[PDB]
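Only one chain is shown below, in structure tokens, and it's the form deposited in one PDB entry.
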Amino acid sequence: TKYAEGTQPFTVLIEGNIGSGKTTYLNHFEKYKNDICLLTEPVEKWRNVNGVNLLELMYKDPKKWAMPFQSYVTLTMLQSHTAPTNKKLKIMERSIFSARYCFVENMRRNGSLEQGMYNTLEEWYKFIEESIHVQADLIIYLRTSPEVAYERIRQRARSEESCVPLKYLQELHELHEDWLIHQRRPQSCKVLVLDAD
């Protein structure tokens, strides 16, 4: 019997590249706060971990900070996945699955995460699967081109993202495609594709 098992409503995960408009899309649901559990913009947690900006530290020095940063992403997603609600609907920006299948995998490929750091994160994912219930009934995938993602990133202008290269977003885009369109990853529930260009 897993933690939070049987405590969760029908759950929708809002996914897509950085700057695909996940927060914008979820903002339309806000007037319905009373009926829907909305867990949005988890990045604010990562930018301020009791005063520490892990997002900043990660981009400045990935070979040292990518590991703690992803471990903390994993935690905050878990907190949101397992958060109690009395409501019939929960909608989340991001999920433990995108952290794992896109970000962690990409950082393994680019060498930000050495094998040992990758292995530790992966062993955690496996234990989490056996011990903690992650409700997932629908994923809405905001599909975008890397060029479009890139312009939104620049317009929003997060200081931490000011050095994010187009190639990185191309890498992440394909990984979202692998996961949500080509079913290269084990995880499976309904996916609704939307054009966010």
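Residue indices: 1-based, along the sequence shown. Shifts are known only where both forms have a C-alpha. By rigid core we mean the largest C-alpha set that fits within 1.5 Å across both forms.
Third-or-more of other entries without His173: No, none of the compared structures omit it.
Gap at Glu160 across at least one third of the other PDB entries: In at least a third of the comparable entries (those modelling both sides of it), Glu160 has no coordinates.
Entry-level comparison of average CA B-factors, 73-81 and 86-94, reporting the higher stretch: Per the deposited B-factors, the answer is 86-94.
Between 135-143 and 27-35 (mean CA B-factor, as deposited), the higher: The stretch with the larger average C-alpha B-factor is 27-35.
B-factor third for the C-alpha atom of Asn50 within its chain: Within its chain, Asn50 is a lowest-third residue by C-alpha B-factor, going by the deposited values.
Assigned third (lowest, middle, highest) for the C-alpha B factor of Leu13: Lowest third - that is where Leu13 ends up once the chain's C-alpha B-factors are sorted.
FYI, the form deposited in another entry isn't displayed, but the following is about it.
Flag for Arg158, CA shift 2 Å or larger between this form and the one not shown after aligning core: Yes; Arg158 is a residue whose C-alpha shifts (by 2 Å or more) between this form and the one not shown when the cores are overlaid.
Outcome for the Cα pair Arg158, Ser71 in the other entry, compared with this form (closer or farther; change of 3 Å or more): Between the C-alphas of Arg158 and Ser71, the gap widens in the other entry (3 Å or more compared with this form).
Outcome for the Cα pair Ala157, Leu113 in the other entry, compared with this form (closer or farther; change of 3 Å or more): So the answer is farther.
Regions of at least 3 residues displaced between this form and the one not shown by 2 angstroms or more (CA, core superposed): Core-superposed, just one run shifting 2 Å or more comes out: 156-163.
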